[PDB]
Amino acid sequence: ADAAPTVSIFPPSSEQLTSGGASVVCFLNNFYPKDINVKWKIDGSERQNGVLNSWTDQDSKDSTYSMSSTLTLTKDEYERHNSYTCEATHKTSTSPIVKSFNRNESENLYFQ
């Protein structure tokens, strides 16, 4: 059934940094089927083509789809970007839903 996802943004935390990795993950609600495109932007600048994506795990019991989009980025590369953006475009909504936020201020994950 025609349904639009939600606007969520979750940048890479220090948890994954421990391994040396850092990728932003987006959140999508019960929306149309696999039919949908997703993109990432840094401070309003689209990153180099090559973002990590999940597989079509869509099912019939849910009659919907929603996977987490991981942005291919290194740990030390997390210091070059502070504002993440998750753009999504489906059939239910032609307009690309882009959600941006400042983690440098919001996200803490810092201690003494």
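Residues numbered from 1 in each chain as written, not as in the entry; some residues may be left out. Heavy atoms only, no water.

Method of determination for the deposited model, per the PDB record: solution NMR.

Identification of the protein chain as Immunoglobulin kappa constant from Mus musculus is taken from the PDB entry. Looking at the PDB record, one finds the entry titled "Ckappa domain of mouse immunoglobulin".

**Points about the pairing of strand β5 (residues 83-90)**
The condition that has to hold: Only protein chains enter the area calculation, which uses a 1.4 Å probe; residues under 20% of their type maximum are buried, those over 50% are exposed, and those in between are partly exposed. In this text, helices come from DSSP runs of H or I with a minimum length of four residues, and strands from runs of E with a minimum of two, each type numbered from the N-terminal end. Here the rule is simple: two strands pair whenever DSSP picks up at least two bridges between them.
Burial runs high along β5: 7 of the 8 residues are buried. Of the pairings in the sheet, the one linking strand β3 (residues 36-42) to β5 comprises 7 bridges and is antiparallel in character. By the bridge assignment, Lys39 is partnered in β5 with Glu87. In this structure, β5 lies alongside strand β6 (residues 97-102), joined through 6 bridges in antiparallel fashion. Counterpart to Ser83 in the pairing with β6 is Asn102. Counting the residues in the hairpin turn of β5 and β6 gives 6 residues.

**Considerations on the nonpolar core**
Put simply, the rule is: Definition of nonpolar core: a set of buried residues of the types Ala, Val, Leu, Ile, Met, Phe, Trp, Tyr and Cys, connected through side-chain atoms within 4.5 Å. In what follows, a contact means two residues having at least one pair of non-hydrogen atoms within 4.5 Å.
Among the nonpolar cores identified, the biggest contains 18 residues, and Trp40 and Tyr78 are the most heavily contacted of them. Those elements that provide at least two residues to this core are β3 and β5. For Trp40, the contacting residues outside a window of four places in its chain are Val24, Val25, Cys26, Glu46, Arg47, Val51, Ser69, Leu71, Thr85 and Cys86.

**Topic: unusual backbone geometry**
Outside of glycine, negative phi angles account for most residues, and trans bonds account for most peptide bonds. Backbone geometry at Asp43 places phi at a positive 60°, although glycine is not the residue there. For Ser63, which is not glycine, the phi torsion reads 55° and is therefore positive. Turning to its location among the elements, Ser63 is positioned in the loop between β4 (45-46) and β5. For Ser63, a relative accessible area of 47% translates into the label partly exposed.

**Some thoughts on the sheet that holds β5**
Spatial strand order, β4-β3-β5-β6: 4 strands in an open sheet with antiparallel pairing. The sheet is open, and its two borders are formed by β4 and β6, each paired with just one other strand. In the sheet, β3 pairs with β4 via 2 bridges, with the strands oriented antiparallel. Paired with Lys41 across the two strands is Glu46, which belongs to β4.

**Some points on the state of the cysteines**
What counts is decided by this rule: Two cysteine sulfur atoms make up a disulfide if the distance between them is within 2.5 Å.
Applying the stated criterion across every chain yields a total of 1 disulfide. For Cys26, the disulfide goes to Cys86, at an S-S distance of 2.0 Å. Note on the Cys26 and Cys86 pair: the S-S dihedral is about -100°, so by sign convention the disulfide is left-handed. Of this pair, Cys26 sits in strand β2 (residues 25-27) while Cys86 is found in strand β5, placing the two residues 60 residues apart along the sequence. In terms of burial, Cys26 and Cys86 fall into one category: buried.

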